[PDB]
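> what would the 3D arrangement of this be:
(2 chains)
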Number of protein chains: 2
Amino acid sequence: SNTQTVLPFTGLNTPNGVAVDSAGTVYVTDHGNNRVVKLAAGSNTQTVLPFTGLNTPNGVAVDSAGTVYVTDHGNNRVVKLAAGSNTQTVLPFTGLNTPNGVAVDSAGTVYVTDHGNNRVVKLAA
Amino acid sequence: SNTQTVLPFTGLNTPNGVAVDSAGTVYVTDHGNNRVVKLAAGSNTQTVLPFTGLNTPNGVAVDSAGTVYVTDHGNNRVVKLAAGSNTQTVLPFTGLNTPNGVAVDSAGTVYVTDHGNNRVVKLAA
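Residues are numbered from 1 along each chain as shown, chains lettered A, B, ... in the order given. Please see the structure below:
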């Protein structure tokens, strides 16, 4: 296609990260509003995810289990949110300084760009 | 795991996006050096992808075919490179303003957080 569409998210401010799962559900780090929002394919209502203690999200990824991974700018950490239980787990990375991008491979290994430390770190689940 | 591994990228500056493909190849937007670097799984040396004219790139994604998608933030555009190709393609997005995140679904649809415009746009293959 040569013509984009705009997704019907609302009230975004400086969004900075996006991920999409197998059902076509789109996840966005709404940076300026310190929240993570998702929109199912073909929906008008967006859903704010129950991340807690977030201090400005920088990036997002989603795995095959529907687990959502988010880099937290102000807390220098990476968190994941389990589907269903909505349990939030802080990944035991250490020495991060402004994690930004996050990615997850098929084996569940988590990769993070450590922006303040000029390095890339990975951590198996 | 309580073991994190620093990947053998070198000379990074303010890196800010990471992606990993099905073969375990890792791609990073080395934002401060206007380049995208990659490292094969178990590889000794990073390789710079032959993108042209990148300026403060930020987001990166990779699809199941190994095609690499980069938000070329400083140029308000999204570019992609097929594996082995030496000629990037500028995707026909419209009116982007300081874009950041990019994602790609199984159908090849490309999603971009158009940060400066407080919106998320989508472009089918």
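> for the rest of this, base every contact and every neighbour count on C-alpha atoms.
OK.
> quick one: contacts for residue A:22?
Taking CA atoms under 8 Å, 6 or more residues apart in numbering or on different chains as the criterion, residue A:22 is in contact with A:64, B:105-106.
> make a markdown table out of those residues and add neighbour count, secondary structure and distance to residue A:91.
Output for the contacts of residue A:22, formatted as a markdown table (neighbours: other CA atoms under 10 Å in any protein chain shown; DSSP: H, G, I helix; E, B strand; the rest coil; distance: CA to CA, whole Å):
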| residue | neighbour count | secondary structure | distance to residue A:91 |
| --- | --- | --- | --- |
| A:64 | 12 | coil | 18 |
| B:105 | 20 | coil | 25 |
| B:106 | 13 | coil | 27 |
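> what's the closest of these to residue A:25?
Nearest to residue A:25 among those: residue B:105, at 9.7 Å, using CA to CA.
> correct me if wrong: that closest one contacts residue A:18.
No: using CA atoms under 8 Å, residue B:105 makes no contact with residue A:18, being 11.2 Å away.
> picking up where we left off before, need the contacts of residue A:22 in TSV (columns: distance to residue A:71).
Formatted as TSV, these follow (distance: CA to CA, whole Å):
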residue	distance to residue A:71
A:64	18
B:105	21
B:106	24
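> out of the residues you listed, the closest to residue B:53 would be?
Nearest to residue B:53 among those, with distances taken as CA to CA, is residue B:105, at 26.1 Å.
> let me see the contact set for that closest one.
A:20-22, A:24, B:63.
> reformat these as CSV; add distance to residue B:54 and secondary structure.
Shown next, in CSV, are the contacts of residue B:105 (distance: CA to CA, whole Å; DSSP: H, G, I helix; E, B strand; the rest coil):
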residue, distance to residue B:54, secondary structure
A:20, 25, strand
A:21, 28, coil
A:22, 30, coil
A:24, 29, coil
B:63, 20, coil
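> distance to residue A:72 added to those residues, as a markdown table?
Shown next, in a markdown table, are the contacts of residue B:105 (distance: CA to CA, whole Å):
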| residue | distance to residue A:72 |
| --- | --- |
| A:20 | 19 |
| A:21 | 21 |
| A:22 | 24 |
| A:24 | 24 |
| B:63 | 25 |
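> what's the farthest-apart pair in these?
A:24 and B:63 (14.6 Å).
> okay, those two: which has more neighbours?
Per other CA atoms under 10 Å in any protein chain shown, whichever of residue A:24 and residue B:63 has more neighbours is residue B:63, with 20 against 16.
> just give the nearest non-adjacent residue to that one, would you?
Spatial nearest neighbour of residue B:63, chain neighbours left out: residue B:104 (6.4 Å); criterion: CA to CA, 6 or more residues apart in numbering or on different chains.
> what's around the one you found, how many residues?
The number of residues near residue B:104, taken as other CA under 10 Å, comes to 26.
> ok, it - contacts?
A:19-20, B:61-63, B:110-111.
> what of residue A:36?
Residues near residue A:36 by CA under 8 Å, 6+ apart: A:27-30, A:48-49, A:51, A:57.
> buried ones in stretch A:64-78?
A:66-73, A:75-78 (16 or more other CA atoms under 10 Å in any protein chain shown).
> now residue A:74: closest residue in space that isn't a chain neighbour?
Excluding the flanking residues, the one nearest residue A:74 by CA to CA, 6+ apart is residue A:55, at 4.9 Å.
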